[PDB]
Amino acid sequence: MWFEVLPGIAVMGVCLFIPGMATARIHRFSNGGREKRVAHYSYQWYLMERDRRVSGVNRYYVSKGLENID
Amino acid sequence: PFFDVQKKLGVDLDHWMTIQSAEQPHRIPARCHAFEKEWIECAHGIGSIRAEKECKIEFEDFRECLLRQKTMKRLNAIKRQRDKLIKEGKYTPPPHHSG
Amino acid sequence: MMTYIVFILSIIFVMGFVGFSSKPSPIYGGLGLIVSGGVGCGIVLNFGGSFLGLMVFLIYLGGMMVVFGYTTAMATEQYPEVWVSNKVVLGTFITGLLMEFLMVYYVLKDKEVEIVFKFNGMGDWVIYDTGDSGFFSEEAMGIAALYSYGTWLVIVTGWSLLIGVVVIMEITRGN
Amino acid sequence: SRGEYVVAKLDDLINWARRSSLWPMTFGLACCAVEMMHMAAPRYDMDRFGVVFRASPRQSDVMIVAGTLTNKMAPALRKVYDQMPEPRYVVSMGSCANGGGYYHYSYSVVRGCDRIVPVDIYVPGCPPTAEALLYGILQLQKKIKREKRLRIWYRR
Amino acid sequence: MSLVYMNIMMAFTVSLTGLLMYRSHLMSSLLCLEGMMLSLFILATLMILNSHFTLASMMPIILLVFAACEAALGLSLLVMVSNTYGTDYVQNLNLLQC
Amino acid sequence: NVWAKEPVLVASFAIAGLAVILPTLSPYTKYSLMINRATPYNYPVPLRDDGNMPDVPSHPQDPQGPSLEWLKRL
Amino acid sequence: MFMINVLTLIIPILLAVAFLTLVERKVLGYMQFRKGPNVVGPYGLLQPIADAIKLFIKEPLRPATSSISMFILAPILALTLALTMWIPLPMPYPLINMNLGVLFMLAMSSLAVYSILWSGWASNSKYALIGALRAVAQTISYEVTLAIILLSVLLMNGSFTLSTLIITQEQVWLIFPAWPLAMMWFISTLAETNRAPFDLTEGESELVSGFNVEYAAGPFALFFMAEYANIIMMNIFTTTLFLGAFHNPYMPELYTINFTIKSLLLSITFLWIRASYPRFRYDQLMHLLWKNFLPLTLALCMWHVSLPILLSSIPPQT
Amino acid sequence: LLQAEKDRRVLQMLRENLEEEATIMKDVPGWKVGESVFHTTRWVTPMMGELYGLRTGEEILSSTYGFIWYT
Amino acid sequence: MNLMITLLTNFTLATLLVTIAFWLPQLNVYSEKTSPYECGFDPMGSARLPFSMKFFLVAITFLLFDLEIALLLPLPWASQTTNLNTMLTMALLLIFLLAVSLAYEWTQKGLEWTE
Amino acid sequence: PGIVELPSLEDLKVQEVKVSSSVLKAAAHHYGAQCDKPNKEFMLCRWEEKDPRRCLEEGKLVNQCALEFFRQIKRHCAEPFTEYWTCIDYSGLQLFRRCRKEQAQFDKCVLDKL
Ligand code: SF4
């Protein structure tokens, strides 16, 4: 039966388990624990652009919530 | 000949394709909407010769909306003079991004 | 550092496309042609058009596929020509690339190029969208008008394509 | 002796790598070709050893001359054999090929295939068994264990 | 003025001259006609994209579907040409004399 | 009979013909019309104060105007 | 770190292809009642490593009538484009969130076709010519039906973006609203993948592997790895496109598990289809493709036009 | 509110760039300092160079080319 | 240009595969390997020999139906309009015309010769 | 030809409402509810006059209305509104459907107390 092929399937499956896992782990690492903000359209682009404007660092992912109310 | 059975049969099956300020699929402007509005409202009931004579200013205003050729002439002159005086070294300006 | 990247893609486009137009064997012509089509797709994609360039790259590609099939079919030499094989093709390629680099020189290190118009030589971040609120990526609706308002236009388009099909069929049949 | 040590390790690596796959091609003139097909039979697998059929002459490693090499065939045999990369090996499979054999005293028959190509491994038997042919391939792999090429190149 | 306009007009003129003077192949001629089509396409598209002329943006798709079916017509005629001869140079065209 | 000479063609003509016939009768077409009109990308502009128009309300909470309600009402 | 993400995409494709060659040989062995690579160490693994190393030993050679630029620049385009298909693949969140990916899939698969074609041309030994023309044949047949079936399946729910596609794959799988369209799509992609002689006429025994009959032994690794990237590529695109996985919000590893297991079971299904059917035929491929698929596909296209216009099930294509 | 923030920003860029021009080009002859290019006086839509001129590469690439091929 | 970055990295990968193919492993003794192989016989002339083709209609047919694919591809964005019945009418007319063209050349045996 | 008169940095010193984008887009319903009656004066001015540097007094008006609104939402419930916008901020783009329970918490908070 298939008892002698499953190590090949398992190793090659980890070879396909790695790239999305490392991808999403890098994207969570790449914005300080927040997800990579996508931007489809012009409106969401200008929203993300004022986001990177009002953080001071010109890095949007801080996003400065409820602190500059005053 | 030039036939306008198009106009006669009461169907504008072609003329929506034609100019800006016709109604877009969502009611959105073009870039030079108001300038075409200017030029047509100068030259609506006009026979295309005193249109050449008298609506010439606003037609040039429309052409310079579309191309912005004189504006790029001005801006290129300003950038080349900026570059020659920064190669010179006389009063290198910092007022962008700083004081 | 770089800013003229649309113009530089246009320069690469014109180089490959002139070496295309200098007429070597259609194998090398198609190679330079698909290079030119891909970088032209890059030009129009980087300019603001979302799908239209990738679309036309696909269509134009399939046309070049059939063109390659027929140049394998019909026009073959005992040894086909390359760019650097014959005198005339080499001269045309060098002179076309020479005119290209000369235009590069007169744009970069000079002011104005006035062959047919007084073309303003500076970078193509002007003119451009000044951050207008799209929310629907304009060219998508700009093609979506074709089935809304486009009554007469696709009628004559499909009619002419049907006629194109029967025309090819009867010219092949007419033996 | 770190230089010869590292070169020895790398030579052992590449020689192991050469004896690993060894896919041949199928020349296969007569009934020795039927024995090759029964070396592709499931009771004696070659794909236990990474040994695959490959009908092109452009990527095989060893080549099995197996059959009765005639004069109408032999220049085509060498004009296959030459356009094949620099590690090339020959398995003379069968009594016809390893010295002429049963058609030795005749016209139009090459008396032994050393008159066309060099030969690494002779495997006699008419036909060989699948077992004997497999033994010959194992001995060829042991020859690839006995290479010391890169040691020779360094000590030159 | 947007310098890409002048450069695509340069590519247009050179593909036009390539379509006009040609050595022997009809195939290269059809191929460079297809190329000049692509050049006019990209130029018109960049025009409409600067204009935000979003209403009648049928120009790129319909321009190129029509000009490519012209190229299809040309490939059919080249099939007939290479059917009635072996070679399809400037030679074996000299009959039907002016 | 006429069926299995080239029967995938008969299958194609059948499902194509019901695809043509089926938009004649439906209870959902005007639903599709009202949904696909009532969802704008764009902005509801204000207008001049009024000549006391008995429509077009002053607060968006005021139910004088034509709203969308049948979505959550199935 | 963006470069690190690119490297962690282009490193597992090497391991994926090599250990998938192991999988092919051993699954095909137990398929055909024989035994796979077993003697070489633990079960096979270091021998497919040795396959890659051995094929890098081989010291290739250029032919005579073999213009060097086209010759050594064809399989480069093959391997590079068989990579660069893998940019907008939504392993849970893709590398570049492009606003459209599927026409990009079409264009880069066609580029893979052209690279096969140019290698078969500039090999210039008449067998690669016959094989390249057969590849032109199966590309004439299978870059229309694939496109219009794609138009039909994203006509229902797509809006061209893969994130919205995984949102649409939430209540039921999209296998069920389009099942026979999915059957025709799987057959067409199996043709376009150019494995599986159910619909493959390039790797013949009538010829000897019409892409690269007499190419050289060196870039065979390039070509070989490119087509097995093509196999994994279209199967992952299948496993995204029709069926899918209920991803955990804020945890993607479960999505990766379900997605990867479904994709590689369909890849084993693909190889299992390759195992058992004869080769097929040029004019029969034209006959079967046109006179079986194409009217039924057009009927499905008009019926998926007429479906959301009659059920108000039109997507929020913003 | 976003309309207001954008309007304050474009008035800020236009004010700063008029001031920079009036400083840097005050010596050259000709060159009226603040003329509109057009003949009338309406709010001409700016051309992304009057907003973004002389900002040295990175800012203008962030503003223009960000949405296109970035994110 | 992120895709251009990735394309540059894959091209560098391809060039290191080229160099590791040619330069590094061993030597390159020439003088017969350059000959073209068919099956063991040096053929007449070479390839690039005039090779006639079977299909005449099928390639141009591919071309025209690829163009009609190009017309049909903005069906997703079209599906959200106020003029729904007109969209449905012209879309059905496009596919009906396409199938009329196909079935016309199918009944006029355009594909029943050397396909 | 003609000259323009762009007003300086004198009148354009209004304090920017420096919330970031996520919390701002999350609070859009109630911000439409309480405020966003007097800003349509600004919007009508902008649409009927199409020349900014003319309507900007009402730009100050809309900016002070928004800032007073966020003042009153900071000075009272909800403190779990912090949790609500940081719920909405992580979910890629601003999917209003993934974060539901905390939406119910914040809306019932503000409905009870104000
Ligand atoms: S050696 Fe024997 S088995 Fe082999 S080809 Fe000769 S007769 Fe046949």
Each label point is 7 Å from the Cα along the Cα-to-Cβ direction; what then is the distance between the points at D:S106 and B:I46, in nm? 10.4
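At 27 angstrom or more along the helix axis (alpha-carbon based) and mean Kyte-Doolittle of 1.0 or higher, what helices does chain C contain? Whole DSSP H runs only. Please list the in-between numbers first.
Numbers: long enough: C:26-47 (30 Å, 1.49); C:52-73 (32 Å, 1.81); C:87-108 (31 Å, 1.70); C:151-173 (34 Å, 1.69).
Helix filter hits for chain C: C:26-47, C:52-73, C:87-108, C:151-173.
By counting other Cβ atoms within 10 Å of each Cβ, how are A:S63, G:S66, C:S22, F:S67 ranked from fewest to most?
Details: A:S63 22, G:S66 19, C:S22 26, F:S67 10.
Ordered from fewest to most neighbouring Cβ atoms within 10 Å, A:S63, G:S66, C:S22, F:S67 come out as F:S67, G:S66, A:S63, C:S22.
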28 Å Cα-Cα reach of C:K111 towards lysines, excluding residues that sit fewer than 8 places from it in its own chain: B:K70, B:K73, B:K79, B:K84, B:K87, B:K90, H:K26, H:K32
Using only the Cα atoms of the range B:21-91, build the gyration tensor, take square roots of its eigenvalues as a ≥ b ≥ c, and label the shape rounded, prolate or oblate: rounded if a/c is under 1.5, else prolate if a/b is larger than b/c, else oblate. oblate
Based on other C-beta atoms within 10 Å, arrange F:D49, J:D11 from fewest to most. F:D49, J:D11
Grab the beta carbon distance between J:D107 and C:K111, set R0 = 56 Å, and tell me the FRET efficiency rounded to 0.05. 0.35
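To the nearest 500 deg cm²/dmol, what mean residue ellipticity at 222 nm is calculated for chain G from DSSP H runs of n ≥ 4 alone, each contributing -39,500 (n - 2.57), summed and divided by the residues? Walk me through the numbers on the way to the answer.
Details: 14 runs with 195 residues, N = 318.
Helix-only estimate at 222 nm: -20000 deg cm²/dmol.
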Zone residues, the range B:32-58, relative to H:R42, backbone N less than 17 Å from point 7 Å out along Cα-to-Cβ: B:32-44, B:55-58
When the Karplus curve 6.51 cos²θ - 1.76 cosθ + 1.60 is applied with θ = phi - 60°, which whole-Hz ³J(HN,Hα) does each residue of the range F:5-21 get, with x for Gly and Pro? 5, 9, x, 5, 5, 5, 5, 5, 5, 5, 6, 5, x, 6, 5, 6, 5
Mind scanning F:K30/F:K72; F:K72/J:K40; C:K23/C:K118; D:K79/D:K142; D:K145/G:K58; I:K54/I:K109 and naming the pairs with a C-alpha gap bigger than 23 Å? F:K72/J:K40; C:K23/C:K118; D:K79/D:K142
P(r) weight above 47 Å for the protein assembly as shown, C-alpha pairs, percent: 44
For D:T70, enumerate residues with amide H under 5 Å from its amide H, sequence gap 5+ or separate chain, H modeled in the peptide plane. D:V110
So, in nm, how far is label C:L90 from label B:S98 when the simple model puts each one 7 Å beyond its Cα toward the Cβ? 5.5
Starting from the Cα of G:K35, draw a straight line to each of the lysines and keep only those under 18 Å, dropping any in the same chain fewer than 8 residues away. G:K26
Pop a pseudo-label 7 angstrom from the Cα along the beta-carbon direction at both B:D4 and C:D132 and give the gap in nm to one decimal. 3.0
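Please give the average number of partner chain Cβ atoms lying within 10 Å of the Cβ of each residue in G:148-156, rounded to a whole number. Write out the running numbers ahead of the final one.
Working: counts 7, 0, 2, 6, 2, 0, 2, 6, 2.
Partner Cβ neighbours, averaged per residue: 3.
By counting other Cβ atoms within 10 Å of each Cβ, how are G:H304, F:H59, J:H30 ranked from fewest to most? List each step's numbers first, then the result.
Working: G:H304 22, F:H59 9, J:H30 17.
Neighbour counts put them in this order, fewest first: F:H59, J:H30, G:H304.
With a ≥ b ≥ c the root eigenvalues of the C-alpha gyration tensor of the range E:1-86, is it rounded (a/c under 1.5), prolate (a/b larger than b/c) or oblate?
Details: a/c = 6.32, a/b = 1.79, b/c = 3.53.
Oblate.
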Given springs between every Cα pair under 10 Å in a Gaussian network model of chain C, which of C:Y70, C:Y106, C:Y149 has the largest fluctuation? C:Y149
Rounded to 5, the percent of DSSP beta bridges in the protein assembly as shown classed as antiparallel: 40
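Specify whether the C-alpha gyration tensor of the range C:2-172 places it in the rounded, prolate or oblate class, a ≥ b ≥ c being the square roots of the eigenvalues: rounded for a/c under 1.5, otherwise prolate if a/b is larger than b/c and oblate if not. Present the calculation step by step, with values, prior to reporting the outcome.
On the way: a/c = 2.41, a/b = 1.02, b/c = 2.37.
Because a/c hits 1.5 or more and a/b fails to exceed b/c, the range C:2-172 counts as oblate.
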The long-range amide H neighbours of G:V213, using H built 1.01 Å from N in the peptide plane and a cut-off of under 5 Å, are G:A128
Could you work out the mean count of beta carbons from other protein chains within 10 Å of each residue's beta carbon in B:90-97? 4
Under a Cβ-only charge scheme (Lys and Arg +1, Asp and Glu -1), can you give me the dipole magnitude of the range G:1-156 about the Cα centre, in debye to the nearest 20? 480
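Looking only at other chains, what is the average number of their beta-carbon atoms within 10 angstrom of each beta-carbon in G:204-213? If you can, show how the numbers build up before the last one.
Numbers: counts 1, 2, 0, 2, 8, 5, 0, 0, 3, 6.
Mean partner shielding for this stretch: 3.
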With axes computed from alpha carbons, what is the tilt in degrees of helix H:2-24 against the longest principal axis of chain H, rounded to the nearest 10 within 0 to 90? 40
Under Karplus coefficients 6.51, -1.76 and 1.60, residue-wise ³J(HN,Hα) of the range A:47-57 in Hz, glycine/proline x: 5, 5, 6, 6, 4, 5, 6, 9, 9, x, 6
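Nearest 500 deg cm²/dmol is fine: what mean residue ellipticity at 222 nm does chain I get from its DSSP H runs of n ≥ 4 alone, each adding -39,500 (n - 2.57), divided by its residue count?
Values: 4 runs with 65 residues, N = 115.
Rounded to the nearest 500, it is -19000 deg cm²/dmol.
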Any residue on another chain or 5+ positions along whose placed amide H is under 5 Å from the amide H of C:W125 is listed here as none
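Where the only charges are on Cβ atoms (+1 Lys, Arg; -1 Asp, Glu), what is the dipole of chain A about its Cα centre, to the nearest 20 debye?
Numbers: 10 positive and 6 negative charges, 56 e Å.
In total the dipole reaches around 260 debye.
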Pick from G:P63, G:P249, G:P180: which residue has the top mean-square fluctuation in a GNM of chain G where Cα pairs under 10 Å get a spring? G:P249
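Coordinate-derived values only; no laboratory data. Virtual Cβ from ideal backbone geometry, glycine too; neighbours counted across all protein chains shown.
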